[PDB]
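**Student:**
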Amino acid sequence: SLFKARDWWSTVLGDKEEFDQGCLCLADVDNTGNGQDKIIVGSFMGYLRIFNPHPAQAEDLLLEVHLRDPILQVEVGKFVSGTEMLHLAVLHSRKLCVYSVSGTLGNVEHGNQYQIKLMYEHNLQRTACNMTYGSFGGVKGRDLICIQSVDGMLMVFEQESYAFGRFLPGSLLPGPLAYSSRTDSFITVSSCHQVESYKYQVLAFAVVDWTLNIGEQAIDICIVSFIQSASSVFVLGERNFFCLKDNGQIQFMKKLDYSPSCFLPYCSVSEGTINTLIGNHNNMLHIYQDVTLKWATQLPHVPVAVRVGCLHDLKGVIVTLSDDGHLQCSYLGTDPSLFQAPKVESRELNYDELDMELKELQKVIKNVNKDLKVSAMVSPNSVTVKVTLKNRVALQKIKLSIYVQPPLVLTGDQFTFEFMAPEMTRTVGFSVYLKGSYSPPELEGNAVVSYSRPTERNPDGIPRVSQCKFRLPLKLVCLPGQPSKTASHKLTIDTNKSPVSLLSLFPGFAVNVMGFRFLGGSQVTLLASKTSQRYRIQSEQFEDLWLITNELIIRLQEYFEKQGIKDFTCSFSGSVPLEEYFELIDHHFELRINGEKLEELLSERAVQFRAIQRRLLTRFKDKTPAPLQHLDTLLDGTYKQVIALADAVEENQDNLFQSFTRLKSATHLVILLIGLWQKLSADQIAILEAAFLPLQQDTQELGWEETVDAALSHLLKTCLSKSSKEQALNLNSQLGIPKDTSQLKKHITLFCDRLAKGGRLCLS
Amino acid sequence: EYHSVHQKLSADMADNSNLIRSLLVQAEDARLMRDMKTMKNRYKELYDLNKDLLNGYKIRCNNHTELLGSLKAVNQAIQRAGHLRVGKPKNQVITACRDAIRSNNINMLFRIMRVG
Amino acid sequence: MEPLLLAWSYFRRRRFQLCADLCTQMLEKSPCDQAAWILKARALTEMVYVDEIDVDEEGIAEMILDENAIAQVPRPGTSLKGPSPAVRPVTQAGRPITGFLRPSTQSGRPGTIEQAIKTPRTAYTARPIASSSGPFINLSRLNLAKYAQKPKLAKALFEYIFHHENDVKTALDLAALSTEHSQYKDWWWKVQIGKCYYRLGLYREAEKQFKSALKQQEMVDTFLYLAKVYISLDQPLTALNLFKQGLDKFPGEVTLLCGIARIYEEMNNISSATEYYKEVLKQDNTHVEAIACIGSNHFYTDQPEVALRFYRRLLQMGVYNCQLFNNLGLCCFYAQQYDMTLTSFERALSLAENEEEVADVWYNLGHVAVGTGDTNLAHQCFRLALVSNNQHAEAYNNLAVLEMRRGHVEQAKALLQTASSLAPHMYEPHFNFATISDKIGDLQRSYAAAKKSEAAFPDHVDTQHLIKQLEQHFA
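Residue numbers (the entry's author numbering), protein chains in the order written: chain 9, 2 to 56, 63 to 213, 234 to 397, 410 to 420, 439 to 567, 575 to 828; chain 2, 602 to 717; chain 8, 1 to 81, 90 to 141, 158 to 499.
What follows is the structure in structure tokens.
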């Protein structure tokens with residue numbers, strides 16, 4: 002209970018009401034003469050409610072009158088000429104009304120009634136915003152009131168008689184108004200952050236006594252006069268708390284780190300100081316002697332007005348009122364309750380239900396250790442492919458995406474299906490075509506779909522992914538051409554059947577000695593051998609052999625299965641090239657090294673440009689003139705060199721990418737030949753296809769040679785090699801850019817020869 | 602007005618210098634990921650900002666030298682007024698003119714330079 | 001009731017929306033009423049208002065490419081550029105973790121620009137680091169020369185332009201014109217021009233205005249601004265002297281004492297930071313910064329019960345976070361208040377509003393598990409810390425320790441490598457990797473890891489013994 006506003010008589014005060022400051026008042030409006038206090042609350046609807054809490064109950068509410076117009080301000084003081092009895096003044100936008108709450112008793116405590124009798128009223132030719140009251144001048148036994156119109160005008164009414172009205176000078180919004188008696192001065196906080204004190208006689212005669240530029244505008248201003256030892260004007264700014272002397276300067280000030288709402292300096296306890304009370308918009312009250320925080324306690328609501336009064340035989344009760352309607356009397360809670368878990372015996376652990384669930388989850392744990412069909416169809420004719446995807450449940454967040462190759466291009470790449478209801482079918486259609494010059498490494502294409510399965514643990518569903526492959530037609534990136542006779546590079550695939558007519562396999566390429581020209585210019589020749597069973601493929605580039613060699617083999621298989629023959633091989637006696645292959649590897653690595661050199665050059669140029677630019681900047685900061693044309697003509701040269709180097713790095717990146725795409729086809733063909741040359745199974749072909757065909761393009765941290773060399777070293781180390789000195793010295797796996805391709809070539813040749821010597825591939 | 606123009610120019614040049622430092626950082630970033638289109642665009646923007654800032658430097662230094670000329674004219678005028686009188690009136694007139702210019706009371710300045 | 005009156009009352013009460021909307025209405029209805037115009041300006045600008053003292057934000061450009069410090073090798077103790093890393097966790101090599109995050113904490117400086125882009129974006133800042141740090161009224165249209173003639177409109181419009189539109193150039197133009205009009209004799213316009221300059225990066229032209237405002241009216245805000253400037257110029261002792269002069273004017277101001285404490289804690293002198301935080305306590309006793317800092321310090325110097333008292337005080341004053349409850353559960357488990365630990369951890373998990381906070385709470389729950397003596401629950405808690413935040417180097421380190429305890433050396437090595445790649449400033453994954461490398465030979469990587477260990481926490485004794493062993497082996 003420590004540091005909480007412990008409750009007392011409290012009540013919510015309406016049905017979506019609206020209150021402000023000046024609504025809550027706390028005095029002896031009934032004029033009982035005893036000394037207790039009665040909580041008065043006006044509203045922005047009209048509900049003037051007066052309570053006398055007796056701790063809710065129903066005897067508390069003295070009355071709940073409803074006046075027509077909203078109640079801006081409520082005050083209690085000697086607002087009538089003759090009598091010296093406290094009256095109740097209520098201020099509406101255009102009306103001032105002074106009542107007299109007279110209560111007459113009944114024989115039983117719930118038979119006594121209270122009436123508010125209108126003692127007088129003044130019409131306001133201007134729309135008020137607030138008001139203050141005091142003994143204007145030095146008149147005794149009177150509390151005459153000054154009302155501030157919202158357009159900056161102090162209309163002073165001596166009770167029952169409109170005295171005068173003076174326009175405050177230089178004000179746009181209205182601010183908080185207070186009245187000091189030790190100096191007989193009105194004090195305002197105008198819109199230009201200026202606390203201004205005017206003398207009452209100067210106003211009555213009409234200018235500004237004094238001013239003080241506080242840094243903000245003020246919510247409330249309380250000139251507290253319970254103590255006469257030294258008057259002090261308290262100001263609650265919208266960010267700071269001030270206490271000001273009577274001459275004008277700051278007696279002291281505190282920089283609140285919160286947003287205050289209301290404050291009230293109540294009576295002081297020490298000598299000279301003044302205890303004050305400030306409420307946050309964090310619904311917390313702070314008790315501050317001078318600027319020192321003497322206490323802090325959590326309010327239930329963000330107070331709009333706080334008072335401290337004597338209510339039913341208890342002094343210093345805090346009375347807060349919000350703008351919702353929460354009105355609450357309270358005291359401060361000073362019980363440092365112990366921090367201990369409660370020693371309850373009824374509340375025990377339902378071990379059976381909890382243990383069933385725990386055994387279920389532990390079962391799933393110990394078990395973890397031990410629905411969408413995608414199909415792509417390629418039309419036989439920029440060929441148009443159509444992907445059909447179907448489900449069996451209500452899948453959600455479906456995304457389909459197609460990846461063909463670098464050279465090949467798609468017209469549509471991504472398709473998003475947010476939700477598809479169960480056992481339904483979707484069908485997308487895109488079209489793929491060649492864009493570039495070189496031929497792609499494979500005419501394959503992949504369509505990958507990713508969806509989410511809604512489950513019981515997660516309502517957003519597990520993410521799942523499924524993929525399908527399609528095979529584009531050779532006649533997309535090729536056409537028939539004139540068959541050459543003697544080309545530079547050649548490879549011969551021998552088969553154990555009868556040499557088949559080339560016009561059968563390739564019927565859109567017509575001729576039993578065929579020639580192919582690819583979009584881009586490359587040309588390949590296919591010779592059916594008439595005396596032997598073999599075929600021969602030739603071209604001036606070792607890369608262009610792969611697409612035709614692949615299609616020869618694939619369509620041979622398809623033809624011999626369509627016919628009905630089963631026995632068929634593609635033996636390829638001879639030797640795997642390993643010499644026109646290494647040339648492409650060396651070309652690729654030369655491009656990589658050039659790129660690294662250019663990147664270092666660009667690093668140096670950028671550092672130099674930065675240094676010169678910082679020199680120029682420091683020159684720009686200095687106020688005095690200074691010749692610098694040398695510096696900017698150095699900057700221009702460095703910048704043109706930077707542009708040159710950037711364009712060169714772009715060129716090298718493109719050249720390296722083309723070299724990588726040609727090397728992909730080279731290594732495709734080399735794996736094909738090694739698989740035909742040693743009769744490799746499908747798994748032993750997949751291991752090669754994973755070791756030799758690692759990634760899609762070279763990046764500045766991972767490239768081709770490092771990956772393929774690490775993989776080949778591991779395979780040689782744990783599958784073929786036996787000696788340990790070799791396994792540790794020569795066969796080493798590292799993943800940084802090499803210094804030369806010597807080790808990669810040594811390992812590829814060693815891999816080939818140790819495959820030739822009976823060794824076979826495994827994984828572990 | 603020289604004061605005000607120099608203030609505005611210094612504000613603008615501070616803005617552009619902050620822009621240039623941001624672009625230096627951004628260009629270093631684009632170059633660390635070998636993204637050359639964006640790097641070249643940062644370098645183009647830096648070139649343009651340097652051109653604009655050099656124009657601003659030229660105009661600022663021109664106005665600044667004019668401001669120095671004006672300040673020297675004012676100080677030399679106070680000195681020419683004081684130098685016209687021998688003895689104790691000299692520093693009297695000097696401090697009087699200094700106080701009449703720190704308060705921008707030009708008419709009092711000329712009054713004390715005429716007879717005072 | 002009436003439109004203007006109700007808009008005013010709403011604005012006073014911090015509505016900031018009902019007054020804005022009602023002002024739009026009153027403006028469309030009567031095209032000549034400037035009170036509602038400036039009131040809408042105030043509401044707009046205060047929905048978004050943020051304390052300028054606390055808006056200190058530094059980009060990579062301002063860290064590296066902005067040089068304003070005079071000295072280059074100042075004496076140790078006179079520039080800004090406790091529990092050892094074997095007890096108190098660290099965010100970087102130096103500057104161990106703090107107890108209070110303000111939006112201006114640095115906790116180090118990145119050396120180069122490459123060192124800054126290649127680092128997690130919230131390693132030297134309290135928010136992701138940057139490269140540099158319909159409408160109501162159109163700024164180009166309105167002529168500041170006219171508004172600056174009337175200060176009632178001038179001050180509100182300047183606050184709008186500076187804090188809402190964030191256009192420091194038009195703001196400085198209006199402030200210059202307005203100071204011209206007011207004949208240079210009001211501290212507020214001076215402080216505003218100083219703030220504009222400090223935003224533009226001109227720290228001496230801003231120090232000038234703050235100093236010229238202090239001579240006119242000594243206020244807390246000007247001392248805070250001027251010390252902020254003196255810290256931007258890297259002069260901590262000038263700032264300490266200015267703070268002490270302020271405390272001479274305002275004998276007990278908490279903001280000045282907390283500034284002094286922040287400086288003494290950034291100079292890494294906790295002996296005086298804690299003394300000035302204790303002074304703040306003797307003044308405030310609800311200060312979240314002071315209580316959190318002294319509480320963390322007490323927790324880490326073998327006094328979890330006193331830290332528990334401090335954090336329980338933060339809980340009594342109505343703070344309700346995930347950080348507060350994690351700290352409470354930790355101080356409870358380590359003060360041996362076993363009846364209030366796990367409920368505080370569950371409250372923390374409930375209150376967590378990120379994926380890094382959830383990861384930290386699961387990390388601490390894993391520490392509680394390790395203490396309780398169950399390595400399976402600890403395993404699950406560290407793995408959940410990783411699930412919630414994949415870049416959690418400490419979860420990797422502790423999970424690798426538990427793995428190596430099980431026997432899985434390769435798992436442990438890969439996890440320690442991931443950790444020491446995520447947080448290079450952390451000595452523990454480096455030391456662990458070096459130790460379990462030397463245990464298996466591989467003295468090259470063992471040495472390469474011990475060296476980075478000693479780079480992160482140099483006075484570590486075991487790292488010295490291992491480095492000496494490996495250097496003996498090398499020779």
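Just so it is clear, CB atoms sit at the ideal spot from N, CA and C, and this is done for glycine as well.
Compile a chain-ordered list of the residues in the stretch 211–230 of chain 8 whose CB is closer than 7 Å to at least one CB of chain 2.
**Tutor:** So the list reads 224, 225 and 226, given in the order they occur along the chain.
**Student:** Beta-carbon within less than 7 Å of residue 12 (chain 9)'s beta-carbon, same chain only, minus the 5 sequence neighbours each way: which residues are those?
**Tutor:** On the first sequence, residue 12 (chain 9) is found 11 positions in, with the first residue counted as 1. Hits under 7 Å: 63 and 354.
**Student:** Name the two residues that bound the continuous beta strand (DSSP E) containing residue 153 (chain 9).
**Tutor:** The residue you call residue 153 (chain 9) lines up with position 146 of the first sequence. Segment 151–156, the beta strand (DSSP E) holding residue 153 (chain 9).
**Student:** Determine which residues of the stretch 458–492 of chain 9 have a Cβ less than 8 Å from any Cβ of chain 2, and write them out in chain order.
**Tutor:** Taking 8 Å as the Cβ-Cβ cut-off against chain 2, none of the residues of the stretch 458–492 of chain 9 qualify.
**Student:** Secondary structure at residue 194 (chain 9), three-state DSSP: helix, strand or coil?
**Tutor:** Residue mapping note: residue 194 (chain 9) aligns to position 187 of the first sequence, counting from 1. Here residue 194 (chain 9) sits in strand by DSSP.
**Student:** In chain 9, what lies closer than 8 Å to residue 603 (chain 2) by C-beta?
**Tutor:** As a first step, residue 603 (chain 2) must be located in the second sequence, where it is residue number 2. Within chain 9, no residue comes near residue 603 (chain 2); the closest Cβ sits about 12 Å away, beyond 8 Å.
**Student:** Under a Cβ-count criterion, where at least 16 other Cβ atoms within 10 Å of its own Cβ denotes burial, should residue 314 (chain 8) be classed as buried or exposed?
**Tutor:** Translated into the one-based positions of the third sequence, residue 314 (chain 8) becomes position 290. So residue 314 (chain 8) ends up on the buried side.
**Student:** In whole angstroms, what is the alpha-carbon distance linking residue 35 (chain 8) and residue 157 (chain 9)?
**Tutor:** By 1-based counting over the third sequence, the position of residue 35 (chain 8) is 35. By 1-based counting over the first sequence, the position of residue 157 (chain 9) is 150. Whole-angstrom Cα-Cα distance: 10 Å.
**Student:** I'd like to know whether the C-beta atoms of residue 242 (chain 9) and residue 243 (chain 8) end up nearer to each other than 8 Å.
**Tutor:** Within the first sequence, residue 242 (chain 9) is the residue found at index 215, counting from 1. Within the third sequence, residue 243 (chain 8) is the residue found at index 219, counting from 1. Taking 8 Å as the Cβ cut-off, residue 242 (chain 9) and residue 243 (chain 8) qualify as a contacting pair.
**Student:** Which residue from 340 (chain 8), 221 (chain 8), 428 (chain 8) and 181 (chain 8) puts its Cα closest to that of residue 364 (chain 9)?
**Tutor:** Along the first sequence, one-based indexing puts residue 364 (chain 9) at 337. Out of 340 (chain 8), 221 (chain 8), 428 (chain 8) and 181 (chain 8), 340 (chain 8) has the C-alpha closest to the C-alpha of residue 364 (chain 9).
**Student:** Considering residue 8 (chain 9), what are the terminal residues of the beta strand (DSSP E) in which it resides?
**Tutor:** On the first sequence, residue 8 (chain 9) is found 7 positions in, with the first residue counted as 1. Note, residue 8 (chain 9): beta strand (DSSP E), 6–13.
**Student:** With DSSP as the reference, please indicate the residues paired to residue 247 (chain 9) in a beta bridge.
**Tutor:** As a first step, residue 247 (chain 9) is located in the first sequence; it is residue number 220 there, counting from the start. Residue 247 (chain 9) is bridged to 263 (chain 9).
**Student:** Taking all protein chains shown into account, decide if residue 194 (chain 9) is buried (16 or more other Cβ within 10 angstroms of its Cβ) or exposed.
**Tutor:** As a first step, residue 194 (chain 9) must be located in the first sequence, where it is residue number 187. Residue 194 (chain 9) comes out buried.
**Student:** Based on the DSSP output, what are the partners of residue 311 (chain 9) in its beta bridges?
**Tutor:** The sequence position of residue 311 (chain 9) within the first sequence is 284, counting from 1. DSSP lists 325 (chain 9) as partners of residue 311 (chain 9).
**Student:** When DSSP labels each residue in this structure, what does residue 706 (chain 9) get in the three-state scheme?
**Tutor:** Residue 706 (chain 9) sits at position 642 when you count from the first residue of the first sequence. The answer is helix: DSSP assigns residue 706 (chain 9) an H, G or I state.
**Student:** For residue 388 (chain 8), which of 408 (chain 8), 377 (chain 8) and 378 (chain 8) has the nearest alpha-carbon?
**Tutor:** Residue mapping note: residue 388 (chain 8) aligns to position 364 of the third sequence, counting from 1. Comparing Cα-Cα distances from residue 388 (chain 8) to each of 408 (chain 8), 377 (chain 8) and 378 (chain 8), the minimum goes to 408 (chain 8).
**Student:** Looking at chain 9, is there any beta carbon in it that lies within less than 8 Å of the beta carbon of residue 641 (chain 2)?
**Tutor:** By 1-based counting over the second sequence, the position of residue 641 (chain 2) is 40. True, the Cβ-Cβ gap to chain 9 drops below 8 Å.
**Student:** Is the Cβ-Cβ distance between residue 264 (chain 8) and residue 287 (chain 8) less than 8 Å?
**Tutor:** To locate residue 264 (chain 8), count along the third sequence from 1; it is residue 240. To locate residue 287 (chain 8), count along the third sequence from 1; it is residue 263. Cβ distance < 8 Å, so residue 264 (chain 8) and residue 287 (chain 8) count as in contact.
**Student:** Which of the three DSSP states is assigned to residue 141 (chain 9) in this structure?
**Tutor:** Translated into the one-based positions of the first sequence, residue 141 (chain 9) becomes position 134. Strand.
**Student:** For the beta strand (DSSP E) containing residue 290 (chain 9), list its first residue and its last residue.
**Tutor:** Position 263 of the first sequence holds residue 290 (chain 9). Taken as a continuous stretch (DSSP letters only), the beta strand (DSSP E) holding residue 290 (chain 9) covers 287–291.
**Student:** Does residue 49 (chain 9) get closer than 8 Å to chain 8 when you measure Cβ to Cβ?
**Tutor:** For this step, residue 49 (chain 9) is matched to residue 48 along the first sequence. No - not a single Cβ of chain 8 is within 8 Å of the one on residue 49 (chain 9).
**Student:** Beta strand (DSSP E) containing residue 117 (chain 9): first to last residue?
**Tutor:** What you label residue 117 (chain 9) is simply residue 110 of the first sequence in a count that begins at 1. First-last for residue 117 (chain 9): undefined, no H or E at that position.
**Student:** In terms of residues, what are the limits of the alpha helix (DSSP H) holding residue 451 (chain 8)?
**Tutor:** In the third sequence, counting from the first residue as 1, residue 451 (chain 8) sits at position 427. Residues 451–462.
**Student:** Buried or exposed: which applies to residue 32 (chain 8), given that a residue is buried once 16 or more other Cβ atoms fall within 10 Å of its Cβ?
**Tutor:** Taking the third sequence and counting its residues from 1, one reaches residue 32 (chain 8) at position 32. It is exposed - the Cβ of residue 32 (chain 8) has fewer than 16 other Cβ atoms within 10 Å.
**Student:** First and last residue of the alpha helix (DSSP H) that includes residue 297 (chain 8)?
**Tutor:** For this step, residue 297 (chain 8) is matched to residue 273 along the third sequence. Segment 294–307, the alpha helix (DSSP H) holding residue 297 (chain 8).
**Student:** Check the C-beta distance from residue 265 (chain 9) over to residue 246 (chain 9) and give it rounded, since I have them as a contact under 8 Å.
**Tutor:** As a position in the first sequence, residue 265 (chain 9) is number 238, starting the count at 1. As a position in the first sequence, residue 246 (chain 9) is number 219, starting the count at 1. With 8 Å as the limit, residue 265 (chain 9) and residue 246 (chain 9) qualify as a contact, their Cβ atoms being about 6 Å apart.
**Student:** CB-CB under 7 Å to residue 603 (chain 2), same chain, minus the five flanking residues each way: which ones, in chain order?
**Tutor:** Counted from its first residue, the second sequence places residue 603 (chain 2) at position 2. Cβ within range, chain order: 664, 667, 668 and 671.
**Student:** Would residue 776 (chain 2) count as contacting chain 8 if we go by Cβ distances under 8 Å?
**Tutor:** Lying outside 602 to 717, the shown extent of chain 2, residue 776 (chain 2) is not represented and no answer is given.
**Student:** Checking contacts by CB at 8 Å: is residue 606 (chain 2) closer than that to chain 8?
**Tutor:** Looking up residue 606 (chain 2) in the second sequence gives position 5. So, not an interface residue.
**Student:** Give me whichever residues DSSP pairs with residue 632 (chain 9) in a beta bridge.
**Tutor:** Mapped onto the first sequence, residue 632 (chain 9) falls at position 568. In DSSP, residue 632 (chain 9) forms no bridge with anything.
**Student:** Determine which residues of the stretch 324–336 of chain 9 have a Cβ less than 8 Å from any Cβ of chain 8, and write them out in chain order.
**Tutor:** Correct list: 325 and 331.
**Student:** Quick one: list the residues of chain 9 neighbouring residue 635 (chain 2), beta-carbon separation under 8 Å, in chain order.
**Tutor:** The sequence position of residue 635 (chain 2) within the second sequence is 34, counting from 1. The contacting residues are 663, 713, 717 and 764.
**Student:** Quick check on DSSP: helix, strand or coil for residue 47 (chain 8)?
**Tutor:** Stepping through the third sequence from its first residue, residue 47 (chain 8) is reached at position 47. Helix.
**Student:** May I ask which residues mark the beginning and end of the alpha helix (DSSP H) holding residue 185 (chain 8)?
**Tutor:** In the third sequence, the residue the question calls residue 185 (chain 8) occupies position 161. Residues 175–187.
**Student:** Kindly say whether residue 680 (chain 2), judged by its beta-carbon, lies nearer than 8 Å to any beta-carbon of chain 8.
**Tutor:** As a working mapping, residue 680 (chain 2) is identified with position 79 in the second sequence. Answer no: the Cβ-Cβ gap between residue 680 (chain 2) and chain 8 never drops below 8 Å.
**Student:** Relative to the C-alpha of residue 542 (chain 9), which residue among 67 (chain 9), 49 (chain 9), 580 (chain 9) and 351 (chain 9) is closest?
**Tutor:** Looking up residue 542 (chain 9) in the first sequence gives position 485. Of 67 (chain 9), 49 (chain 9), 580 (chain 9) and 351 (chain 9), the residue nearest in Cα terms is 580 (chain 9).
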